[PDB]
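Everything on this sheet refers to the single structure shown next.
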Amino acid sequence: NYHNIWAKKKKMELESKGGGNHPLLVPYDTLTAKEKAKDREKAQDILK
Amino acid sequence: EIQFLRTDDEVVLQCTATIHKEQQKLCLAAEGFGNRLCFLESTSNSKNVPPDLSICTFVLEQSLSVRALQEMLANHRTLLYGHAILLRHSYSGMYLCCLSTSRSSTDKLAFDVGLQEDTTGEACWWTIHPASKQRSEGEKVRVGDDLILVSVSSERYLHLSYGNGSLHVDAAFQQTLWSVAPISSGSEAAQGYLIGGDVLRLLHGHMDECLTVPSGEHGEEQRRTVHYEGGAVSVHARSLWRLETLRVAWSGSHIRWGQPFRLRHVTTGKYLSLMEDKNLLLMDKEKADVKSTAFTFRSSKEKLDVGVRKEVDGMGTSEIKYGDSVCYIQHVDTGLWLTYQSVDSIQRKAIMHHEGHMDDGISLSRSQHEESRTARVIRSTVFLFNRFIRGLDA
Amino acid sequence: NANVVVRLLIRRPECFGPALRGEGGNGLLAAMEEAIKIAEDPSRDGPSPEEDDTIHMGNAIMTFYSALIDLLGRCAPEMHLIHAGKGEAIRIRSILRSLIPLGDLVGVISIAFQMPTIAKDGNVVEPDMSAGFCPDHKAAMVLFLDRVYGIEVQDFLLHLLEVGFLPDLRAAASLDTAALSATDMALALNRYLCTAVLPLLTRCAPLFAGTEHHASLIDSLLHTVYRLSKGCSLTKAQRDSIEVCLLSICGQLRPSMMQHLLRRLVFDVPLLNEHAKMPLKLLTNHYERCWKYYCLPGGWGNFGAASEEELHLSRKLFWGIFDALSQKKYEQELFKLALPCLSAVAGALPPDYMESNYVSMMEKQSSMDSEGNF
């Protein structure tokens with residue numbers, strides 16, 4: 001869900017520019033562990 | 001008739017280096033124990049620093065054609081260009097090879113060249129090729145010919161590297177001209193007769209005590225004196241001397257009467273010499289000059305000098321015989337005769353006198369190869385362990 | 001003719017270029033980076049007093065090194081000779097391995113491209129092919145790696161997939177929009193993938209077995225491959241290669257791993273379009289290989305049993321497929337292919353299956369989304 005809020009705000013930002021694509025816009029399942037590190041760890045610390 | 005290189009012949013591989021616009025002659029060297037990697041020994045300034053050819057000599061065990069060698073891997077012959085040769089390091093008994101590892105001397109493709117214990121594999125074998133168009137494949141390899149050596153395993157020439165700060169030897173795609181110098185021939189050697197490079201004991205006229213240095217009192221300055229001692233020192237290692245001639249080619253030939261040579265103490269690595277104050281003193285390799293460190297075996301105390309005598313390119317003739325021939329050491333330049341000080345185990349000092357004494361005859365006994373190897377190993381281990389202790393102390 | 005060429009090239013090492021002459025050369029990866037920098041710099045790329053008059057020097061260097069690597073990889077000996085132990089072939093492979101480090105080959109593949117972008121006007125801003133880095137350059141790195149070094153160890157397989165392969169798949173799958181699909185760069189990247197990368201992953205399929213640790217990477221691979229397969233510009237041969245790679249990897253993968261891909265298959269299959277043919281085969285193979293996993297309460301001891309979520313998923317898949325197929329017009333191939341899939345799902349799902357009393361509410365929003373599912 002956190003990657004989703006990030007993705008929505010980045011999408012709004014990119015159609016505000018009017019052109020361009022970002023490599024991380026792909027869904028969470030398509031994301032890699034290295035990319036998943038930040039949101040996974042911040043969820044970990046809130047829950048912990 | 002021009003000499004050809006056959007198997008079981010002891011040779012050294014020479015390469016030339018034009019460092020800072022002077023021709024420097026280098027020999028391929030390798031120390032068996034310790035570092036397996038080969039290095040280079042300079043033999044140009046032999047007048048200033050004696051060369052250490054005992055770790056530069058190699059012997060040609062086998063010369064086989066390429067297809068015969070390939071079949072042998074899959075399942076006194078005269079050398080010809082195009083064969084694969086097996087070079088065995090005479091001191092270590094190990095064989096020249098490519099280590100398949102690189103020390104990264106700014107050449108990524110280059111491989112290190114060293115010694116290998118086992119003959120199995122294609123790394124130990126090296127193929128010889130003609131230096132120029134004056135030699136062809138299958139033609140006999142002459143002694144004065146230059147050779148191009150290619151590793152069978154890596155197809156890399158045995159290369160002399162200039163770009164690196166210190167001159168090295170390695171297997172690289174660039175070619176280097178190597179010249180083979182005949183040190184000695186095994187078959188033509190005469191048993192029981194003195195030859196160059198022998199490790200021997202100088203037994204005195206009583207045949208019971210030999211020329212030795214003081215024992216290991218931990219003082220390298222007291223180890224420098226030379227005296228006469230008897231007892232078990234005749235079977236200890238500090239009584240071993242290596243006779244090195246002043247010639248590089250045919251350095252393993254028979255020693256004639258009057259031949260100039262250098263005497264080196266095996267355990268200490270220092271050369272016997274005559275200082276200007278008439279006393280014998282062991283002194284360092286770096287400053288071991290021919291002027292002081294040259295000695296000759298002469299048949300009689302009689303003063304008629306040999307004069308000038310032909311340098312023969314071959315085995316020579318067997319003149320000095322072990323155990324029976326009576327030899328008198330005489331300094332080349334001063335003309336003094338080596339003799340005992342005679343002052344009262346026995347510990348008689350050895351001096352360098354004009355006339356000497358009546359019983360100044362010194363017999364020769366050839367040390368065993370195992371004993372000589374053990375003494376050299378002792379010297380190398382002492383050096384390495386002293387370096388380790390000094391580093392730890394620092 | 002390969003051994004002779006290799007011997008001549010090693011006798012004259014200057015044929016390898018300054019980066020690989022061996023004396024001060026900076027390596028293949030540094031050469032590629034310097035060439036990209038040169039191609040970006042206008043001064044060194046062009047003469048600087050249309051394209052034939054302006055030879056892009058960075059591209060020229062990259063093409064030179066790619067051609068050298070391709071030639072060496074083709075000069076590499078055959079695997080049958082290597083297995084028979086032909087010593088000269090072994091020696092040639094060793095020489096090529098010494099010539100080209102593996103790390104440089106990994107880095108060149110790790111280098112990414114510059115994707116075309118939509119402008120503020122809306123027209124596609126396509127970078128020049130001849131100016132920059134092309135996927136055909138990495139197509140030679142792949143050939144060298146699979147013909148000389150060889151992909152034989154699973155950790156290296158996964159490391160390559162993570163560093164160099166998967167980013168290209170993601171770029172290709174992100175270039176799947178209607179405007180960006182027709183770009184020449186998308187076509188070149190799809191060609192590179194379906195010719196070099198995907199066949200390599202099909203040939204090294206058995207190594208994919210023991211990857212419990214890299215679940216995220218193995219799922220990203222499947223998701224990106226399926227997203228690329230749901231494409232328009234893909235040709236028949238390219239689509240066939242994608243199909244073979246997917247149904248080969250999924251066959252070797254563990255059943256629990258492909259659960260995420262199942263959740264997107266259950267939304268795409270009921271459409272029963274032309275694109276669903278490959279998902280039909282994939283589902284049939286999966287549910288035939290892993291039938292005892294679902295039906296038997298214990299299943300295999302190593303993999304285990306179902307989580308009841310994939311059980312609900314398989315139930316809904318089966319029902320949707322059956323209803324859509326019932327209401328779909330008769331097509332010979334589709335109805336010959338979907339029967340094994342339906343029969344295999346029905347067999348795999350336990351007859352006494354308890355429908356989830358606690359139905360999942362508020363599922364992932366992107367699942368219900370149909371506009372690219374992103």
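Chain identifiers are assigned as A, B, and so on, following the order in which chains appear in the structure tokens; residues are numbered from 1 within each chain, and ligands are numbered from 1 in order of appearance.
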
Write out as an mmCIF file with N, CA and C atoms, in the first residue's frame each polymer residue whose atoms come within 9 Å of residue C:19, counting only C-alpha atoms; drop sequence neighbours fewer than 4 positions from it.
data_model
loop_
_atom_site.group_PDB
_atom_site.id
_atom_site.type_symbol
_atom_site.label_atom_id
_atom_site.label_comp_id
_atom_site.auth_asym_id
_atom_site.auth_seq_id
_atom_site.Cartn_x
_atom_site.Cartn_y
_atom_site.Cartn_z
ATOM 1 N N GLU C 23 48.465 -4.084 -22.209
ATOM 2 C CA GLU C 23 49.453 -3.191 -21.607
ATOM 3 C C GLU C 23 48.771 -1.856 -21.328
ATOM 4 N N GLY C 24 48.251 -1.700 -20.111
ATOM 5 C CA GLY C 24 47.555 -0.495 -19.724
ATOM 6 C C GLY C 24 46.092 -0.447 -20.107
ATOM 7 N N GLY C 25 45.569 -1.494 -20.739
ATOM 8 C CA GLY C 25 44.162 -1.496 -21.101
ATOM 9 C C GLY C 25 43.275 -1.450 -19.869
ATOM 10 N N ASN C 26 42.164 -0.728 -19.986
ATOM 11 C CA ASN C 26 41.250 -0.513 -18.873
ATOM 12 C C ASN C 26 40.132 -1.544 -18.802
ATOM 13 N N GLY C 27 40.056 -2.465 -19.755
ATOM 14 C CA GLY C 27 39.053 -3.507 -19.728
ATOM 15 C C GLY C 27 37.846 -3.191 -20.597
ATOM 16 N N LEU C 28 37.059 -4.237 -20.861
ATOM 17 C CA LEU C 28 35.898 -4.101 -21.737
ATOM 18 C C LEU C 28 34.843 -3.185 -21.129
ATOM 19 N N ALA C 30 35.228 -0.716 -18.863
ATOM 20 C CA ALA C 30 35.694 0.662 -18.915
ATOM 21 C C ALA C 30 35.700 1.190 -20.343
ATOM 22 N N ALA C 31 36.016 0.332 -21.316
ATOM 23 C CA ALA C 31 35.960 0.748 -22.713
ATOM 24 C C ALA C 31 34.541 1.117 -23.121
#

>> Which residues are near residue A:1? Cut-off 12 Å, only C-alpha atoms, ignore same chain within fewer than 4 positions. Put them as a list in words.
In response: residues 5, 6, 7, 8, 27, 28, 29, 39, 40 and 43 of chain A; 362, 363, 364, 365 and 366 of chain C

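When the distance limit is 10 Å and only C-alpha atoms are what count, the residues near stretch 10-19 of chain A, minus those fewer than 5 positions from it on the same chain, are residues 4, 5, 24 and 25 of chain A; 117, 118, 119, 120, 121, 122, 123, 124 and 125 of chain C.
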
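For residue B:353, the list of residues within 12 Å, based on only C-alpha atoms and with local chain neighbours fewer than 3 positions off taken out, reads residues 274, 277, 278, 279, 280, 301, 329, 330, 331, 334, 335, 336, 337, 338, 339, 340, 341, 350, 356, 357 and 360 of chain B.
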
Selection export as a compact mmCIF listing (two decimals), in the first residue's frame, atoms kept: N, CA, C and O atoms:
# COMPACT_ATOMS: atom_id res chain seq x y z
N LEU B 274 90.86 -12.50 -0.18
CA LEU B 274 92.12 -12.03 0.39
C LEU B 274 92.05 -10.51 0.54
O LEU B 274 92.14 -9.77 -0.44
N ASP B 277 95.37 -6.89 3.94
CA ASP B 277 96.22 -7.17 5.09
C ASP B 277 96.51 -8.66 5.27
O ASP B 277 96.71 -9.11 6.40
N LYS B 278 96.50 -9.42 4.18
CA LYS B 278 97.18 -10.72 4.10
C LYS B 278 96.42 -11.82 4.85
O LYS B 278 96.86 -12.97 4.95
N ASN B 279 95.22 -11.49 5.32
CA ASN B 279 94.40 -12.45 6.05
C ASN B 279 93.20 -12.84 5.21
O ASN B 279 92.67 -12.02 4.45
N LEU B 280 92.78 -14.10 5.34
CA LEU B 280 91.60 -14.59 4.63
C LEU B 280 90.35 -14.21 5.41
O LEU B 280 90.29 -14.38 6.63
N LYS B 301 104.02 -26.51 -5.20
CA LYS B 301 104.41 -25.24 -4.60
C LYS B 301 105.39 -24.46 -5.47
O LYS B 301 105.60 -23.26 -5.23
N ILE B 329 96.26 -24.27 -2.86
CA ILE B 329 95.52 -23.06 -3.21
C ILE B 329 96.46 -21.87 -3.25
O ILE B 329 97.20 -21.60 -2.29
N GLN B 330 96.43 -21.14 -4.36
CA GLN B 330 97.24 -19.94 -4.53
C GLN B 330 96.35 -18.82 -5.03
O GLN B 330 95.55 -19.02 -5.95
N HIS B 331 96.48 -17.64 -4.42
CA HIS B 331 95.72 -16.49 -4.89
C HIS B 331 96.17 -16.09 -6.28
O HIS B 331 97.36 -16.13 -6.61
N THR B 334 97.87 -11.94 -5.95
CA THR B 334 98.98 -11.75 -5.03
C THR B 334 100.03 -12.84 -5.16
O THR B 334 101.21 -12.61 -4.87
N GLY B 335 99.63 -14.04 -5.59
CA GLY B 335 100.54 -15.16 -5.67
C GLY B 335 100.82 -15.85 -4.36
O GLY B 335 101.65 -16.77 -4.33
N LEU B 336 100.17 -15.44 -3.27
CA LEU B 336 100.40 -16.04 -1.97
C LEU B 336 99.88 -17.47 -1.94
O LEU B 336 98.95 -17.82 -2.68
N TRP B 337 100.47 -18.30 -1.09
CA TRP B 337 100.02 -19.67 -0.90
C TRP B 337 99.29 -19.81 0.43
O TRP B 337 99.76 -19.31 1.46
N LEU B 338 98.15 -20.49 0.40
CA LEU B 338 97.34 -20.66 1.60
C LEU B 338 98.00 -21.66 2.54
O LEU B 338 98.40 -22.75 2.12
N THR B 339 98.11 -21.29 3.81
CA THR B 339 98.78 -22.13 4.79
C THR B 339 98.23 -21.83 6.17
O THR B 339 97.56 -20.82 6.40
N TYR B 340 98.51 -22.74 7.10
CA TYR B 340 98.06 -22.60 8.48
C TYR B 340 98.97 -21.66 9.25
O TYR B 340 100.19 -21.64 9.03
N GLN B 341 98.38 -20.87 10.15
CA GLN B 341 99.17 -19.96 10.97
C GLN B 341 100.07 -20.72 11.94
O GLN B 341 101.14 -20.24 12.32
N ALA B 350 94.13 -19.90 9.33
CA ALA B 350 94.58 -20.04 7.95
C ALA B 350 95.05 -18.68 7.44
O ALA B 350 94.30 -17.70 7.50
N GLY B 356 104.62 -20.45 2.49
CA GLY B 356 103.80 -21.46 3.14
C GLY B 356 104.65 -22.41 3.96
O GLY B 356 105.69 -22.04 4.51
N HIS B 357 104.20 -23.66 4.04
CA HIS B 357 104.85 -24.70 4.81
C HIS B 357 105.05 -25.94 3.96
O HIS B 357 104.68 -25.99 2.79
N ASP B 360 101.45 -28.15 3.10
CA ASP B 360 100.34 -27.30 2.70
C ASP B 360 99.44 -27.96 1.67
O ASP B 360 98.49 -27.33 1.20

Cut-off 10 Å: closest chain C/chain B atom pairs per residue, using only C-alpha atoms, as CSV:
residue,atom,partner,partner_atom,distance
C:7,CA,B:155,CA,8.2
C:9,CA,B:173,CA,9.9
C:10,CA,B:173,CA,6.5
C:11,CA,B:173,CA,5.9
C:12,CA,B:173,CA,7.8
C:13,CA,B:173,CA,7.3
C:20,CA,B:108,CA,8.7
C:21,CA,B:109,CA,8.5
C:22,CA,B:107,CA,5.1
C:23,CA,B:107,CA,5.2
C:24,CA,B:106,CA,6.3
C:25,CA,B:108,CA,8.4
C:26,CA,B:108,CA,9.9
C:27,CA,B:108,CA,9.3
C:85,CA,B:74,CA,9.6
C:86,CA,B:74,CA,9.1
C:87,CA,B:74,CA,8.2
C:88,CA,B:153,CA,9.3
C:90,CA,B:153,CA,9.9
C:91,CA,B:153,CA,6.8
C:92,CA,B:154,CA,8.8
C:94,CA,B:154,CA,8.1
C:95,CA,B:154,CA,6.7
C:98,CA,B:109,CA,6.5
C:99,CA,B:109,CA,6.3
C:100,CA,B:109,CA,9.1
C:101,CA,B:108,CA,9.6

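For the residues C:116, C:304, C:351, C:299, ranking by smallest atom-to-atom distance to chain A using only C-alpha atoms places C:116 first.
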
If you run DSSP on this backbone, which residues of stretch 185-313 of chain C come out as alpha helix (DSSP H), and could you give them as a compact mmCIF listing (two decimals) with N, CA and C atoms, in the first residue's frame?
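result-v3.txt, written as the output of this step:
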# COMPACT_ATOMS: atom_id res chain seq x y z
N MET C 185 13.50 1.51 -31.00
CA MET C 185 14.26 1.02 -29.86
C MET C 185 13.55 -0.14 -29.18
N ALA C 186 12.22 -0.06 -29.06
CA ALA C 186 11.46 -1.16 -28.48
C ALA C 186 11.62 -2.42 -29.32
N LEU C 187 11.57 -2.27 -30.65
CA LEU C 187 11.75 -3.42 -31.53
C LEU C 187 13.13 -4.03 -31.37
N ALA C 188 14.17 -3.18 -31.30
CA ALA C 188 15.53 -3.69 -31.14
C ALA C 188 15.69 -4.41 -29.80
N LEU C 189 15.13 -3.85 -28.73
CA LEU C 189 15.24 -4.48 -27.42
C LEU C 189 14.50 -5.81 -27.38
N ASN C 190 13.30 -5.86 -27.99
CA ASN C 190 12.56 -7.11 -28.05
C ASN C 190 13.32 -8.16 -28.85
N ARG C 191 13.93 -7.75 -29.96
CA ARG C 191 14.75 -8.66 -30.74
C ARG C 191 15.90 -9.21 -29.91
N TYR C 192 16.63 -8.32 -29.23
CA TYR C 192 17.74 -8.76 -28.39
C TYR C 192 17.28 -9.76 -27.34
N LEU C 198 16.18 -14.69 -23.64
CA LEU C 198 15.14 -15.69 -23.37
C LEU C 198 15.58 -17.10 -23.75
N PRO C 199 16.19 -17.36 -24.92
CA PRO C 199 16.68 -18.72 -25.18
C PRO C 199 17.73 -19.19 -24.18
N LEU C 200 18.57 -18.29 -23.68
CA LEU C 200 19.54 -18.68 -22.66
C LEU C 200 18.85 -19.14 -21.39
N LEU C 201 17.82 -18.39 -20.96
CA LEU C 201 17.05 -18.78 -19.79
C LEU C 201 16.23 -20.04 -20.01
N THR C 202 15.86 -20.33 -21.26
CA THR C 202 15.24 -21.61 -21.58
C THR C 202 16.22 -22.77 -21.52
N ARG C 203 17.45 -22.56 -21.98
CA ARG C 203 18.48 -23.58 -21.94
C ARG C 203 19.01 -23.84 -20.53
N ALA C 215 12.88 -15.55 -3.89
CA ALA C 215 11.49 -15.59 -4.33
C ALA C 215 11.09 -14.30 -5.03
N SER C 216 11.52 -13.15 -4.50
CA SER C 216 11.16 -11.88 -5.11
C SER C 216 11.71 -11.77 -6.52
N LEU C 217 12.98 -12.14 -6.72
CA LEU C 217 13.57 -12.08 -8.05
C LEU C 217 12.91 -13.06 -9.01
N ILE C 218 12.66 -14.29 -8.56
CA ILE C 218 12.04 -15.27 -9.45
C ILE C 218 10.61 -14.89 -9.79
N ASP C 219 9.90 -14.20 -8.90
CA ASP C 219 8.56 -13.72 -9.22
C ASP C 219 8.60 -12.53 -10.16
N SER C 220 9.54 -11.61 -9.96
CA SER C 220 9.68 -10.48 -10.86
C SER C 220 10.00 -10.94 -12.27
N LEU C 221 10.85 -11.97 -12.40
CA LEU C 221 11.14 -12.52 -13.72
C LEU C 221 9.87 -12.99 -14.42
N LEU C 222 9.07 -13.80 -13.74
CA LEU C 222 7.85 -14.33 -14.36
C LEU C 222 6.89 -13.21 -14.71
N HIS C 223 6.72 -12.25 -13.81
CA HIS C 223 5.78 -11.16 -14.05
C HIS C 223 6.20 -10.32 -15.25
N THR C 224 7.49 -9.98 -15.33
CA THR C 224 7.98 -9.20 -16.46
C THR C 224 7.87 -9.98 -17.77
N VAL C 225 8.18 -11.28 -17.75
CA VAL C 225 8.07 -12.07 -18.97
C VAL C 225 6.62 -12.15 -19.44
N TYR C 226 5.67 -12.35 -18.52
CA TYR C 226 4.27 -12.42 -18.92
C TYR C 226 3.78 -11.07 -19.43
N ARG C 227 4.21 -9.98 -18.79
CA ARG C 227 3.84 -8.65 -19.25
C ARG C 227 4.37 -8.39 -20.66
N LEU C 228 5.61 -8.81 -20.92
CA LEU C 228 6.17 -8.68 -22.26
C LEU C 228 5.41 -9.54 -23.27
N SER C 229 5.04 -10.76 -22.87
CA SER C 229 4.27 -11.65 -23.73
C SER C 229 2.92 -11.05 -24.11
N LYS C 236 5.67 -13.42 -34.48
CA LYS C 236 5.27 -14.80 -34.18
C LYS C 236 6.42 -15.57 -33.54
N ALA C 237 7.62 -15.47 -34.11
CA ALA C 237 8.77 -16.18 -33.55
C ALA C 237 9.12 -15.66 -32.17
N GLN C 238 9.07 -14.34 -31.98
CA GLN C 238 9.35 -13.77 -30.66
C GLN C 238 8.35 -14.26 -29.63
N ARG C 239 7.06 -14.26 -29.98
CA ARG C 239 6.04 -14.74 -29.05
C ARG C 239 6.22 -16.22 -28.75
N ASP C 240 6.58 -17.01 -29.76
CA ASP C 240 6.83 -18.43 -29.53
C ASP C 240 8.01 -18.64 -28.58
N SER C 241 9.08 -17.86 -28.75
CA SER C 241 10.22 -17.96 -27.85
C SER C 241 9.82 -17.60 -26.42
N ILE C 242 9.02 -16.54 -26.26
CA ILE C 242 8.54 -16.17 -24.93
C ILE C 242 7.73 -17.31 -24.33
N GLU C 243 6.84 -17.91 -25.13
CA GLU C 243 6.02 -19.02 -24.63
C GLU C 243 6.89 -20.17 -24.16
N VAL C 244 7.87 -20.57 -24.98
CA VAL C 244 8.72 -21.69 -24.61
C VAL C 244 9.50 -21.39 -23.33
N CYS C 245 10.08 -20.19 -23.24
CA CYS C 245 10.84 -19.85 -22.04
C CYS C 245 9.96 -19.87 -20.80
N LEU C 246 8.75 -19.30 -20.90
CA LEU C 246 7.88 -19.24 -19.73
C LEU C 246 7.44 -20.63 -19.30
N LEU C 247 6.98 -21.46 -20.24
CA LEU C 247 6.49 -22.78 -19.85
C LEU C 247 7.62 -23.74 -19.54
N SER C 248 8.86 -23.38 -19.85
CA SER C 248 10.00 -24.17 -19.42
C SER C 248 10.45 -23.79 -18.01
N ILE C 249 10.48 -22.49 -17.71
CA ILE C 249 10.89 -22.05 -16.38
C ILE C 249 9.84 -22.43 -15.34
N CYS C 250 8.56 -22.18 -15.66
CA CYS C 250 7.50 -22.47 -14.70
C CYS C 250 7.44 -23.96 -14.39
N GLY C 251 7.80 -24.81 -15.35
CA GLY C 251 7.82 -26.24 -15.09
C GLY C 251 8.82 -26.62 -14.02
N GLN C 252 9.99 -25.99 -14.02
CA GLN C 252 11.01 -26.27 -13.03
C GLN C 252 10.81 -25.51 -11.72
N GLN C 259 2.54 -18.46 -7.35
CA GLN C 259 1.21 -18.07 -6.89
C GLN C 259 0.87 -16.65 -7.31
N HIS C 260 1.85 -15.74 -7.25
CA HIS C 260 1.61 -14.36 -7.65
C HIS C 260 1.27 -14.27 -9.13
N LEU C 261 1.99 -15.01 -9.98
CA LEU C 261 1.63 -15.07 -11.39
C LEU C 261 0.26 -15.69 -11.60
N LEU C 262 -0.13 -16.64 -10.75
CA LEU C 262 -1.47 -17.21 -10.85
C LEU C 262 -2.55 -16.16 -10.64
N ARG C 263 -2.33 -15.20 -9.73
CA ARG C 263 -3.32 -14.18 -9.46
C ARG C 263 -3.55 -13.23 -10.63
N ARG C 264 -2.56 -13.05 -11.50
CA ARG C 264 -2.78 -12.32 -12.74
C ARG C 264 -3.29 -13.20 -13.87
N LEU C 265 -2.94 -14.49 -13.86
CA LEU C 265 -3.48 -15.40 -14.86
C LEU C 265 -4.99 -15.57 -14.70
N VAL C 266 -5.47 -15.61 -13.45
CA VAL C 266 -6.90 -15.80 -13.22
C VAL C 266 -7.73 -14.62 -13.71
N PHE C 267 -7.11 -13.46 -13.93
CA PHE C 267 -7.83 -12.30 -14.43
C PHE C 267 -7.72 -12.15 -15.95
N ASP C 268 -6.71 -12.76 -16.57
CA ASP C 268 -6.49 -12.64 -18.00
C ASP C 268 -7.07 -13.82 -18.78
N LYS C 277 -3.94 -18.26 -24.97
CA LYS C 277 -3.55 -19.61 -25.35
C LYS C 277 -2.34 -20.08 -24.56
N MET C 278 -1.32 -19.24 -24.43
CA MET C 278 -0.13 -19.55 -23.66
C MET C 278 -0.44 -19.71 -22.17
N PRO C 279 -1.22 -18.81 -21.55
CA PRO C 279 -1.64 -19.06 -20.16
C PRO C 279 -2.38 -20.37 -19.99
N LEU C 280 -3.18 -20.78 -20.97
CA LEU C 280 -3.85 -22.08 -20.89
C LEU C 280 -2.84 -23.21 -20.77
N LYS C 281 -1.82 -23.21 -21.63
CA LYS C 281 -0.79 -24.24 -21.57
C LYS C 281 -0.03 -24.18 -20.25
N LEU C 282 0.30 -22.97 -19.79
CA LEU C 282 1.05 -22.83 -18.55
C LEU C 282 0.27 -23.39 -17.37
N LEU C 283 -1.02 -23.04 -17.29
CA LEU C 283 -1.87 -23.57 -16.23
C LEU C 283 -2.01 -25.08 -16.32
N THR C 284 -2.19 -25.62 -17.53
CA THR C 284 -2.28 -27.07 -17.68
C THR C 284 -1.02 -27.76 -17.18
N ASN C 285 0.15 -27.29 -17.61
CA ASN C 285 1.40 -27.91 -17.18
C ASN C 285 1.59 -27.80 -15.68
N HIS C 286 1.30 -26.62 -15.11
CA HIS C 286 1.48 -26.45 -13.67
C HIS C 286 0.57 -27.37 -12.88
N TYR C 287 -0.72 -27.40 -13.21
CA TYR C 287 -1.67 -28.18 -12.44
C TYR C 287 -1.61 -29.67 -12.75
N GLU C 288 -0.92 -30.07 -13.82
CA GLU C 288 -0.62 -31.48 -14.03
C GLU C 288 0.65 -31.93 -13.31
N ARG C 289 1.65 -31.05 -13.22
CA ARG C 289 2.87 -31.41 -12.51
C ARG C 289 2.66 -31.35 -11.00
N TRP C 291 -0.35 -31.72 -9.18
CA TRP C 291 -1.71 -32.11 -8.82
C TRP C 291 -1.77 -32.62 -7.39
N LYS C 292 -0.76 -33.38 -6.97
CA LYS C 292 -0.81 -34.00 -5.65
C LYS C 292 -0.59 -32.96 -4.55
N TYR C 293 0.02 -31.83 -4.90
CA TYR C 293 0.23 -30.73 -3.96
C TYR C 293 -1.10 -30.22 -3.42
N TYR C 294 -2.08 -30.07 -4.30
CA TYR C 294 -3.35 -29.48 -3.90
C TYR C 294 -4.29 -30.53 -3.30
N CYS C 295 -4.45 -31.66 -3.99
CA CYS C 295 -5.42 -32.66 -3.56
C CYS C 295 -5.00 -33.33 -2.25
N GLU C 309 -5.48 -19.93 0.04
CA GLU C 309 -5.67 -18.74 -0.78
C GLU C 309 -5.52 -19.08 -2.25
N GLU C 310 -4.47 -19.82 -2.59
CA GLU C 310 -4.35 -20.34 -3.95
C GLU C 310 -5.43 -21.38 -4.23
N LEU C 311 -5.98 -22.00 -3.19
CA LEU C 311 -7.13 -22.89 -3.40
C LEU C 311 -8.36 -22.11 -3.84
N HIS C 312 -8.69 -21.03 -3.13
CA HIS C 312 -9.75 -20.14 -3.59
C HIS C 312 -9.47 -19.58 -4.97
N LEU C 313 -8.22 -19.21 -5.25
CA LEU C 313 -7.81 -18.71 -6.55
C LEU C 313 -8.03 -19.74 -7.65

> Any idea what's packed within 9 Å of residue B:3, counting only C-alpha atoms, ignoring anything in its chain fewer than 4 positions away? Could you give it as an MDAnalysis selection string?
Replying inline: chainID B and resid 141:144

Save the residues we just selected, N, CA, C and O atoms, as a short mmCIF file (atom, residue, chain, number, x, y, z; two decimals), in the first residue's frame?
data_model
loop_
_atom_site.label_atom_id
_atom_site.label_comp_id
_atom_site.auth_asym_id
_atom_site.auth_seq_id
_atom_site.Cartn_x
_atom_site.Cartn_y
_atom_site.Cartn_z
N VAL B 141 69.39 -28.10 -33.09
CA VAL B 141 69.56 -26.87 -32.32
C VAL B 141 71.01 -26.79 -31.87
O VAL B 141 71.48 -27.63 -31.09
N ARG B 142 71.73 -25.79 -32.36
CA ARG B 142 73.12 -25.62 -32.01
C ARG B 142 73.25 -24.92 -30.66
O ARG B 142 72.33 -24.26 -30.17
N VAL B 143 74.43 -25.06 -30.05
CA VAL B 143 74.66 -24.49 -28.73
C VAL B 143 74.67 -22.97 -28.78
O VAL B 143 74.20 -22.30 -27.86
N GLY B 144 75.19 -22.40 -29.87
CA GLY B 144 75.28 -20.96 -29.98
C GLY B 144 74.05 -20.32 -30.60
O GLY B 144 74.07 -19.13 -30.95
#

> What residues in stretch 202-310 of chain B get the DSSP label strand (DSSP E or B)? Please answer as a PyMOL selection string.
Replying inline: chain B and resi 202-203+209-212+225+227-230+241-245+254+261-265+271+274+279-281+283+294-298

> In Å, how far is it from atom CA of residue C:15 to atom CA of residue B:129?
Replying inline: 23.7 Å

>> Taking only C-alpha atoms into account, name the residue in C:213, C:137, C:97, C:147 that is nearest to chain A.
In response: C:213

> At what distance in Å, to one decimal, does atom CA of residue C:172 lie from atom CA of residue C:138?
Replying inline: 14.7 Å

As a compact mmCIF listing (two decimals) with N, CA, C and O atoms, in the first residue's frame, please: the residues near residue B:316 (cut-off 9 Å, only C-alpha atoms, same-chain neighbours under 5 positions excluded).
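Output contents, as saved in out.txt:
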# COMPACT_ATOMS: atom_id res chain seq x y z
N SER B 253 82.48 -27.63 -16.45
CA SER B 253 83.53 -28.43 -17.06
C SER B 253 84.56 -28.84 -16.01
O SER B 253 84.56 -28.37 -14.87
N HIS B 254 85.44 -29.76 -16.42
CA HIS B 254 86.53 -30.19 -15.54
C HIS B 254 87.46 -29.02 -15.24
O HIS B 254 87.81 -28.24 -16.13
N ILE B 255 87.85 -28.90 -13.97
CA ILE B 255 88.77 -27.84 -13.57
C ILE B 255 90.20 -28.28 -13.87
O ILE B 255 90.66 -29.33 -13.40
N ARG B 256 90.92 -27.46 -14.64
CA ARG B 256 92.32 -27.70 -14.92
C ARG B 256 93.17 -27.12 -13.80
O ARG B 256 92.70 -26.31 -13.00
